[PDB]
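Visitor:
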Amino acid sequence: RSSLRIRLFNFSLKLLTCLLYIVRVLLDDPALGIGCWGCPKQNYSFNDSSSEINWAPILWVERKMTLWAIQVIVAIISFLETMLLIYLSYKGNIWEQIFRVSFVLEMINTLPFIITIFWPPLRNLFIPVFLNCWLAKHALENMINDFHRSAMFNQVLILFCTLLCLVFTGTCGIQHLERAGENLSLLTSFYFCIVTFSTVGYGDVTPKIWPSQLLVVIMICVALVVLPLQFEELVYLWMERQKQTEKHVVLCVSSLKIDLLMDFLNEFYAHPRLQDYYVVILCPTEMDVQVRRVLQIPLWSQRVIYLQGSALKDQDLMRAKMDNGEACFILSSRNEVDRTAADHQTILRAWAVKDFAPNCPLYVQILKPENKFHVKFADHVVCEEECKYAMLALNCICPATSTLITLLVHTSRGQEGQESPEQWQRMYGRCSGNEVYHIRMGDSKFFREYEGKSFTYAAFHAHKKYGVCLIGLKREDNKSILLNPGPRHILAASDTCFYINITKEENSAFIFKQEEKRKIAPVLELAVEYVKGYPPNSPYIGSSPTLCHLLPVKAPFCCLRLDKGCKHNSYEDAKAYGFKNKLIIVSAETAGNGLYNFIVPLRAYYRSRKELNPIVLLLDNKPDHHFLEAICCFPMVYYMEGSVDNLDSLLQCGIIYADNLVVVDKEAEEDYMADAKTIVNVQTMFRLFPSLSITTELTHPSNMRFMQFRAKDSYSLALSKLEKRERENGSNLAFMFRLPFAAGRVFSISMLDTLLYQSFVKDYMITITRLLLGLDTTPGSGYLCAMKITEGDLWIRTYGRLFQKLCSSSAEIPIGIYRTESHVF
Amino acid sequence: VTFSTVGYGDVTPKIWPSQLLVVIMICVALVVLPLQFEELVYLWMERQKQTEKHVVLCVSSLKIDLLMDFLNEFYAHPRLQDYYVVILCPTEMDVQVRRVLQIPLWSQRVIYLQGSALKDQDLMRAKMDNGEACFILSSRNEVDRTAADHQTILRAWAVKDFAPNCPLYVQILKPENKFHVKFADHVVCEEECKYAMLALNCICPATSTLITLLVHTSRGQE
Ligand SMILES: [K+]
Ligand SMILES: [K+]
Ligand SMILES: [K+]
Ligand SMILES: [K+]
Ligand SMILES: [K+]
Ligand code: NA
Ligand SMILES: [Zn+2]
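Quick mapping for you: the protein sequence lines, in order, are chains A and B. FYI, the numbering for the first sequence is 110 to 258, 265 to 358, 369 to 644, 710 to 717, 747 to 886, 891 to 1048, going by the authors' numbering. FYI, the numbering for the second sequence is 310 to 358, 369 to 541, going by the authors' numbering.
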């Protein structure tokens, strides 16, 4: 880097000799006397009447003995180093050096100092050393090419430099050229030129001689031809440019849309702890127009950073400060028609981030279960197909389970519908503020008093006292969370207790102070027939093995088809079968590992064998033999070719005597229109079979209002006003009061996104959800069930007394109630 | 007169600290004002990308033919001259449509809003709760008419959900989808009328011509 040192020293000397020229003119007083270095110095005066101008003041300037030598030495070093570079670098051309305009200014401002050595009398001769500052500007430009010390900042700094040189040349030129007439000082000429460049033109000080007038004219032309070139360069940098704090998180997506961004921002910033965080979005695609408008909002302008780049490029991960991020959220693209390709992209992105920043927690959203074991290294992984079908299957067992999970994984204060005149809306919006929290039991004011007591005793009494629902615990010895360990489990101070409550125990410091404001058998302190086995052919790695009701012998693939008759049976539709129970018809496009996660919860060993519901898969495409091999061991699981829009196929399914119809059918530029085909197709069957229970999954929660649409219905139309009011108050649960959602008829997969975002603050949330869905089976962990409250159980007047009876007899823990009212339409 | 660069000179700083103040402050002016100018330029460029009794026109893609047929028929009545038309169309404004909107007969009457009926925010910008009528028109150029009919069914549902007391005027392509928008005040099925007129032309010649002239507002001056 010695070359840059040479130019830096060359730049330093250029500004030094210009400043030394300023020192000269500051100590040069013409009124004392001006001459040719010695004898005959002549005093002079300016006559405005006489047009002739004496050139002796302009030609000759009095130069100190120390001053002339030190500038000559500086000029000699100036001349030596510039020729040192010229001879050092030819680069294939000996000519053209003088035509480029830096040599002519160099030599004309330097070699006069060399020739002044020969003759004493002309040592006091004027040489325009102020023009040398232009070369110093040039010497700065070549420095910018190598070292920064911010891409356009250099041009702006250069623009200021050429402005300074224009001003500097003006002051020295005017002060010296008017030293013959009106004898302007430097300070006055400096103010003279500043008001000239800004075109003010005051006129109080003006050039009174023809040379000075000409200098202003030629200089005004120079300014008007050199400044626009700098302006155009700044314009070029600006147009090409148009195309923070600590504790940030990176959000890696393939395409970012307004729905995904708002879902993340609402959930991420719903916590007070994560308010000092800013979000970096690494998305290869250009920013969406709707996304741009939201980012211009000044709540999100300082918080959300959008970077156009790829996680597979380490340069883009450096711009995102991935090595410093608190967390990484890799989210799959669901709009992509090829989900295997999308899953491959997120696997690579997870691998790319892990390779770049190993000590960065990964939060990966995986589409297909077969690709889940490639990102198993990630701290938190959510498989959409596993949870979607497990929730859809549980809705067939426990109604509105998806609605129950949706509200729990959503961060809310339970303030929705608190002004509503309807009692059910107030209690529904209040109970929706429940969440799942964890606390060390010894540190827990809710459960510390139950030391040495059974889990069910603590769960009941904490609910009876504070209204908290102890659902599970995690022992300090193991890492496994158990839902409802049972009455045999004995509580300890090291256990981490998982409870459902409106507010965190620490955040409930008011009720404990409010507690201080006040200041059935009892639960005990101390406690063809089917085989039962595991499905043989697991379809994918990571499939949690659940003990299920299994056929004694594998069913041949011909017997799994409800359409065609075979050797074993001539039945051609569900009527010829004559099932004892009501059918579950699943209208899916393709049969994969997701549909496997639908059949497993319905065939589990704890599910009643007499209440087993036949499962009819209404597939658009013929299932491959691997899926049939995975489901050939399950009793009363059949498939057929058809769709929800074909009424012939649905009547062939047994829709007449089907208790549930699950529509998972998959089909646009306008985002909300993706569900148009599914919504209308489901609506047609809502009108053909009004009593049928149809469960649907929609891409957008905003479309949940269209599931069972009664246009001539004031009540459902009034719910729009309530939903808009909740949306006015900034509630993230605004779709909540729509009737199809509240009854469990619809859920969106976008809630799974909120579950992943919650895991950044609740590392147990994913495990709890899968434990409820049965997606992961830990020995000694409970399962979600439902019981019907019939008229023989109405002597149990309240929900608390039911909690007592369950905890005293069967040790079951009620999560909540699915309530039904008469709402004639 | 200093900031405007007029510089009259009748009053001027006669002392050096006053002269220096003018110098530094002129430099301050030339370095602080452009920063405000670039922010205005930044706001202006992104910005580039009324009365009572209006009607909203909800389409998927608006072309010059569809717009002029509406404008000619809507404004052929003297009662509907104080009305202005709001077009809610997700697609960007057509080049041919833009030129006609520049015509100052239609500049004050026709507003084009880029948005969806399925977003309530776009229905608030259209003042849907105050509109006199809503016209949901199917896209006939679309190769998939079932999908287009599904889009208009959702748009009718979205407008009915947002503004129940707003008369809907829905244009339906396929007869099988007509009973989903039966709640609308006025529904036209194109396939029903097209084939009924084509069949009547085989019975009564030029029945379609007879219907065409009747449903067109004209003074009989042709
Ligand atoms: K002027
Ligand atoms: K909640
Ligand atoms: K809460
Ligand atoms: K299907
Ligand atoms: K007519
Ligand atoms: Na069969
Ligand atoms: Zn068979």
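Yeah, the Cβ is synthetic: ideal placement off N, Cα and C, and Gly gets one too.
In whole angstroms, what is the alpha-carbon distance linking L352(A) and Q270(A)?
Guide: Counting from 1 along the first sequence, the entry for residue 352(A) is found at position 237. Counting from 1 along the first sequence, the entry for residue 270(A) is found at position 155. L352(A) and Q270(A): Cα-Cα distance of roughly 8 Å.
Visitor: Rounded to a whole number of angstroms, what is the C-alpha to C-alpha distance between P322(B) and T284(A)?
Guide: Residue mapping note: residue 322(B) aligns to position 13 of the second sequence, counting from 1. Residue mapping note: residue 284(A) aligns to position 169 of the first sequence, counting from 1. C-alpha separation (whole angstroms): 23 Å.
Visitor: Let me check one thing: in DSSP terms, what residues is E860(A) bridge-paired to?
Guide: One-based indexing of the first sequence puts residue 860(A) at position 641. Per DSSP, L838(A).
Visitor: Can you list the residues near ligand 3, meaning Cβ strictly closer than 7 Å to any non-hydrogen atom, in the order they appear in the chain?
Guide: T536(A), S537(A), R538(A), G539(A), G558(A), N559(A), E560(A), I627(A) and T628(A)
Visitor: Once the 5 residues before and after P237(A) are set aside, which same chain residues still bring their CB inside 7 Å of it?
Guide: By 1-based counting over the first sequence, the position of residue 237(A) is 128. Sequence-distant Cβ neighbours of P237(A) in its own chain, meaning closer than 7 Å and more than five residues away, are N218.
Visitor: Are any of the Cβ atoms in chain A nearer than 8 Å to that of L344(B)?
Guide: The residue labelled residue 344(B) in the question sits at position 35 within the second sequence. With a threshold of 8 Å between beta carbons, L344(B) makes no contact with chain A.
Visitor: Quick check: does the Cβ of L532(A) come within less than 7 Å of any heavy atom belonging to ligand 2?
Guide: Here residue 532(A) corresponds to residue number 407 of the first sequence, with the count starting at 1. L532(A) Cβ: within cutoff of ligand 2.
Visitor: Hey, is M412(A)'s beta-carbon within less than 8 Å of any beta-carbon in chain B?
Guide: Residue mapping note: residue 412(A) aligns to position 287 of the first sequence, counting from 1. It does not: the Cβ of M412(A) has no partner Cβ on chain B nearer than 8 Å.
Visitor: Using a Cβ-Cβ distance cut-off of 8 Å, determine whether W353(B) contacts chain A.
Guide: Residue numbering aside, residue 353(B) sits at position 44 when the second sequence is read from its first letter. Cβ-Cβ to chain A under 8 Å: no for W353(B).
Visitor: Quick check on this structure: which residue in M334(B), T410(B), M354(B) and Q357(B) has the alpha carbon closest to the alpha carbon of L381(B)?
Guide: Within the second sequence, numbered from 1, the residue matching residue 381(B) stands at position 62. Closest by alpha carbon: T410(B).
Visitor: Starting from the C-beta of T1000(A), find all residues in its chain whose C-beta is less than 6 Å away, skip the five residues before and the five after it, and write them out in chain order.
Guide: By one-based count along the first sequence, residue 1000(A) stands at place 777. Excluding residues within five positions, the ones whose Cβ falls inside 6 Å are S763 and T765.
Visitor: Any Cβ of chain A within less than 8 Å of the Cβ of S435(B)?
Guide: The residue you call residue 435(B) lines up with position 116 of the second sequence. For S435(B), the answer is yes, since a Cβ of chain A falls inside 8 Å of its Cβ.
Visitor: Taking only the alpha-carbon atoms, compute the straight-line gap between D401(A) and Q421(B) and give it to the nearest angstrom.
Guide: Your numbering for residue 401(A) matches position 276 in the first sequence. Your numbering for residue 421(B) matches position 102 in the second sequence. Their Cα atoms are separated by approximately 48 Å.
Visitor: Can you tell me whether DSSP reads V341(B) as helix, strand or coil?
Guide: As a first step, residue 341(B) is located in the second sequence; it is residue number 32 there, counting from the start. Helix, per DSSP.
Visitor: Check each candidate in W228(A), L962(A), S112(A) and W177(A) and name the one with the smallest Cα separation from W549(A).
Guide: Along the first sequence, one-based indexing puts residue 549(A) at 424. It is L962(A).
Visitor: Starting from the Cα of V713(A), find the closest Cα among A823(A), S304(A), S1032(A) and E348(A) and give me that residue.
Guide: For the purposes of this step, residue 713(A) is taken as residue 523 along the first sequence, with counting starting at 1. Minimum Cα distance to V713(A) is reached at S1032(A).
Visitor: Can you name, in chain order, every residue of its own chain whose Cβ lies under 6 Å from the Cβ of residue 260(A), other than the five neighbours on each side?
Guide: The model contains no atoms for residue 260(A), which sits in the stretch where chain A goes from 258 to 265 directly.
Visitor: Going by CA-CA distance only, name the one from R1042(A), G1003(A) and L1007(A) that's closest to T1013(A).
Guide: Reading the first sequence from its first residue, position 790 is the one you call residue 1013(A). Measuring from the Cα of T1013(A), the nearest candidate turns out to be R1042(A).
Visitor: Tell me, please, whether the CB atom of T314(A) is closer than 8 Å to any CB atom in chain B?
Guide: In the first sequence, the residue the question calls residue 314(A) occupies position 199. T314(A) counts as touching chain B.
Visitor: What residue range does the beta strand (DSSP E) around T621(A) cover?
Guide: Walking along the first sequence from the start, residue 621(A) turns up at place 496. Counting along the chain, the beta strand (DSSP E) containing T621(A) begins and ends at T621 to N626.
Visitor: Should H469(B) be flagged as near chain A, meaning a C-beta pair shorter than 8 Å?
Guide: Position 150 of the second sequence, counting from 1, holds the residue named residue 469(B). Yes, because at least one Cβ of chain A sits closer than 8 Å to the Cβ of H469(B).
Visitor: List the whole-angstrom C-beta distance separating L996(A) from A515(A), where the pair is believed to meet the contact cut-off of C-beta under 8 Å.
Guide: In the first sequence, residue 996(A) corresponds to position 773, counting from 1. In the first sequence, residue 515(A) corresponds to position 390, counting from 1. Confirmed, Cβ separation roughly 4 Å.
Visitor: In chain order, what residues of the same chain lie with their CB nearer than 7 Å to the CB of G434(B), ignoring the 5 residues before and after it?
Guide: By one-based count along the second sequence, residue 434(B) stands at place 115. The answer, listed in chain order, is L407, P409, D441 and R444.
Visitor: Taking Cβ positions only, does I406(B) come closer than 8 Å to chain A?
Guide: Here residue 406(B) refers to the residue found at position 87 when the second sequence is read from its first residue. No, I406(B) does not count as interfacial toward chain A.
Visitor: Is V315(A) near ligand 1, with its Cβ less than 7 Å from a heavy atom?
Guide: As a working note, residue 315(A) is residue 200 in the first sequence. Yes, since a heavy atom of ligand 1 falls inside the 7 Å radius drawn around the Cβ of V315(A).
Visitor: Among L330(A), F312(A), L278(A) and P1002(A), which has the Cα closest to the Cα of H291(A)?
Guide: Here residue 291(A) refers to the residue found at position 176 when the first sequence is read from its first residue. Closest option to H291(A), Cα to Cα, is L330(A).
Visitor: Can you tell me where the alpha helix (DSSP H) with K638(A) in it begins and where it stops?
Guide: In the first sequence, residue 638(A) corresponds to position 513, counting from 1. Run containing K638(A): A634 to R643, per the alpha helix (DSSP H) assignment.
Visitor: Per DSSP, what kind of secondary structure is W204(A) in: helix, strand or coil?
Guide: Against the first sequence, residue 204(A) aligns to sequence position 95. Note: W204(A) maps to coil in three-state DSSP.
Visitor: Would you call the segment 215-229 of chain A in contact with the segment 160-167 of chain A, where contact means no fewer than 3 C-beta pairs closer than 8 Å?
Guide: no
Visitor: Is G1023(A) near ligand 4, in the sense that its beta carbon is under 7 Å from a heavy atom of that ligand?
Guide: For the purposes of this step, residue 1023(A) is taken as residue 800 along the first sequence, with counting starting at 1. Not so, every heavy atom of ligand 4 lies at least 7 Å from the Cβ.
Visitor: Counting only beta-carbon separations shorter than 8 Å, does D319(A) have a partner in chain B?
Guide: On the first sequence, position 204 is the one that residue 319(A) refers to. So yes, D319(A) belongs to the interface.
Visitor: Please report the distance separating the alpha-carbon of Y130(A) from that of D480(A).
Guide: In the first sequence, counting from the first residue as 1, residue 130(A) sits at position 21. In the first sequence, counting from the first residue as 1, residue 480(A) sits at position 355. Cα-Cα distance, rounded: 60 Å.
Visitor: Which whole-angstrom value is the C-beta distance of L376(A) and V419(A), which I expect to be below 8 Å?
Guide: By 1-based counting over the first sequence, the position of residue 376(A) is 251. By 1-based counting over the first sequence, the position of residue 419(A) is 294. That belief does not hold up - the Cβ atoms of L376(A) and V419(A) are roughly 14 Å apart, past 8 Å.
Visitor: Starting from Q400(B), find everything on chain A with Cβ-Cβ shorter than 7 Å and list it in chain order.
Guide: As a position in the second sequence, residue 400(B) is number 81, starting the count at 1. In chain order: nothing, as chain A lies at least about 32 Å away.
Visitor: On the criterion of 16 or more Cβ atoms from any shown chain inside 10 Å, does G873(A) qualify as buried, or is it exposed?
Guide: Sequence index remark: in the first sequence, residue 873(A) carries index 654 (1-based). Counting Cβ neighbours within 10 Å, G873(A) comes out buried, since at least 16 surround it.
Visitor: Using three-state DSSP, classify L802(A) as helix, strand or coil.
Guide: Locating residue 802(A) in the first sequence gives position 583, where the first residue counts as 1. In the structure shown, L802(A) adopts extended strand secondary structure according to DSSP, grouped into three states.
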